[PDB]
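Just below is one structure, and these are the notes that go with it.
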Amino acid sequence: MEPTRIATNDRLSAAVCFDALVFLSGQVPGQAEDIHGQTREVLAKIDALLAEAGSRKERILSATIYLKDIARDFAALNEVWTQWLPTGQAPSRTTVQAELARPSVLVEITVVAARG
Amino acid sequence: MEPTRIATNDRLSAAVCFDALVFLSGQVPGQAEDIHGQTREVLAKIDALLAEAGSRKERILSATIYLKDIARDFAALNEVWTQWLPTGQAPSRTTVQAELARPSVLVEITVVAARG
Amino acid sequence: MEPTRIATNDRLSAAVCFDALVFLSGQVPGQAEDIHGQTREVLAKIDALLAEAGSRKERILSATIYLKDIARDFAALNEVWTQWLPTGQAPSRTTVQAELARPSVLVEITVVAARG
């Protein structure tokens, strides 16, 4: 009946759960400066949040992927993304260009998933 | 079983409800020209639509926030956003740069929420 | 209990279904080079995926519409979109500017819908 929250601050909660759905905040990279490293860090953050929320990679429903420079970084994004995904179990996805809150951020990914 | 709609025109419905979920159209500002005023107006429009749809601020699940100029306006957006939110009950959120349908629009916010 | 998938490749599934919800990957045009033709092709692809997933146009819940050039193409997008929609049954929607994965792609649309 009530949404529950994980890692709440004044602006956002890292995850919000409602019934069988998990809504994740857009995840941004860690300390990597390169597109490959940043995508790894974003996806690692998503996997931990899925775990915390009672979900898993195999239960992702949708991912919107934002790239600062889609022409430059789409191939690198796809390389890391396809290796990270569980085989044969890819989610719905949309990949578009958008600047993120800091100019050094090259990639940000927003996930909705199903509770297990 | 059926989705229901609020404020339907030829292009969109301001809100679409399905079971316990409320999907809002991206809300744009009123008459304000400044980022603070425009964010206030967007958020006021969202709160009325939540009320109409049987939801409330405390039941927002996700918000995607689009800023015309994220470097310039992120801090002002966060100031108004954090004051508008119910304390300790922030939703999942993603903030990215995108031009909106009119060049004078600085901010647009798309919300999904839970029916009460 | 389990999400099911339609048209899965190494990067994405064209549709992911979970309970009464259908999540579509962002759909891109076919061979058209013009905005009118491309929007027709995107929307035709969405309608087939809705059919495959047990949904229909009348059960769309949300659409995010991405335009490469929102100032240039918003009016053409709206013309094709409003004619494609079932009368009086428009979904929630958000339209923003974003470059897509290829520079020749002018429009991409991401839909969530309700199973019938």
Side-chain angles (χ1 to χ4, degrees), chain A residues 17-24 26 39 43 50 54-100 106-116, chain C residues 1-29 42 45-46 49-50 52-53 55 60-70 94-115:
Chain A
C17 303
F18 182 65
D19 209 350
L21 295 176
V22 177
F23 299 79
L24 301 189
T39 305
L43 296 178
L50 293 175
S55 192
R56 56 189 300 180
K57 301 199 251 190
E58 295 80 354
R59 295 183 71 87
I60 301 168
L61 302 176
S62 65
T64 298
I65 302 175
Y66 302 96
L67 291 168
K68 184 186 191 302
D69 193 333
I70 190 156
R72 187 162 180 174
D73 289 333
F74 189 55
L77 176 280
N78 283 326
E79 180 183 340
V80 181
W81 170 260
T82 53
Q83 182 184 8
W84 177 84
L85 283 180
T87 298
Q89 301 169 91
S92 72
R93 86 158 204 190
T94 301
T95 307
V96 305
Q97 180 163 290
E99 185 137 359
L100 299 320
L106 306 179
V107 54
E108 174 167 352
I109 302 179
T110 302
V111 156
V112 180
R115 295 265 213 98
Chain C
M1 185 265 273
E2 302 88 325
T4 56
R5 302 180 182 84
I6 297 172
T8 302
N9 59 51
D10 291 322
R11 305 172 177 176
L12 56 83
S13 297
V16 174
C17 303
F18 182 65
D19 209 350
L21 295 176
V22 177
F23 299 79
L24 301 189
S25 287
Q27 291 307 298
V28 294
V42 167
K45 289 190 194 187
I46 288 175
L49 284 171
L50 293 175
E52 280 276 86
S55 192
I60 301 168
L61 302 176
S62 65
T64 298
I65 302 175
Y66 302 96
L67 291 168
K68 184 186 191 302
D69 193 333
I70 190 156
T94 301
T95 307
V96 305
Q97 180 163 290
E99 185 137 359
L100 299 320
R102 291 287 177 119
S104 58
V105 172
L106 306 179
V107 54
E108 174 167 352
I109 302 179
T110 302
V111 156
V112 180
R115 295 265 213 98

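Below, all heavy atoms of this structure are taken into account, side chains as well, without hydrogens, waters or symmetry copies. Per chain, numbering begins at 1; letters A, B, ... match sequence-line order.
For a residue to count as touching a neighbouring chain, one of its non-hydrogen atoms must lie under 4.5 Å from one of that chain's; by this rule A/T64 touches chain C with the side chain only. Only the side chain of C/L21 comes within contact range of chain A, judged by heavy atoms closer than 4.5 Å. With a 4.5 angstrom heavy-atom cutoff, A/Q89 touches chain C via backbone and side-chain atoms both. Neither the backbone nor the side chain of A/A63 comes within contact range of chain C; no heavy atoms are under 4.5 Å apart. Only the backbone of C/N9 comes within contact range of chain A, with at least one heavy atom under 4.5 Å from a heavy atom of that chain. For a residue to count as touching a neighbouring chain, one of its non-hydrogen atoms must lie under 4.5 Å from one of that chain's; by this rule C/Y66 touches chain A with the side chain only. Interface residue A/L85: only side-chain heavy atoms are found under 4.5 Å from chain C. Heavy-atom distances place the backbone of A/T95, and not its side chain, under 4.5 Å from chain C. Residue C/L100 touches chain A through both its backbone and its side chain, counting heavy-atom pairs closer than 4.5 Å. If you measure heavy-atom distances from A/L67 to chain C, you find no contacts under 4.5 Å at all.
In terms of non-hydrogen atom pairs under 4.5 Å with chain A, the most contact-rich of C/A7, C/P103, C/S13, C/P3 is C/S13. If you tally non-hydrogen atom pairs under 4.5 Å between each of C/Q27, C/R11, C/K68, C/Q97 and chain A, the highest count goes to C/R11.
Looking at A/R56 and A/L50, their side chains never come closer than 4.5 Å, going by heavy atoms from C-beta outward. Proximity of C/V22 to C/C17: side-chain heavy atoms (C-beta onward) are separated by under 4.5 Å at one or more points. Contact of the C/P29 side chain with the C/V105 side chain is registered, since non-hydrogen atoms from C-beta on lie closer than 4.5 Å.
A donor-acceptor contact shorter than 3.5 Å links the side chain of A/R59 to the backbone of A/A114. No donor-acceptor pair under 3.5 Å is formed between the side chain of A/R93 and the backbone N or O of C/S25. Here the side chain of A/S92 pairs no donor or acceptor atom with the backbone of C/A15 at under 3.5 angstrom.
Exactly one of C/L49, C/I6, C/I60 qualifies for a side chain to side chain contact (heavy atoms under 4.5 Å, CB included) with C/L24. That residue is C/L49.
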| Given A/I65 and A/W81, is the side chain to side chain contact (heavy atoms under 4.5 Å, CB included) satisfied, shown in steps? | CA-CA 10 Å; A/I65 302 175; A/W81 170 260; 4.1 Å; yes
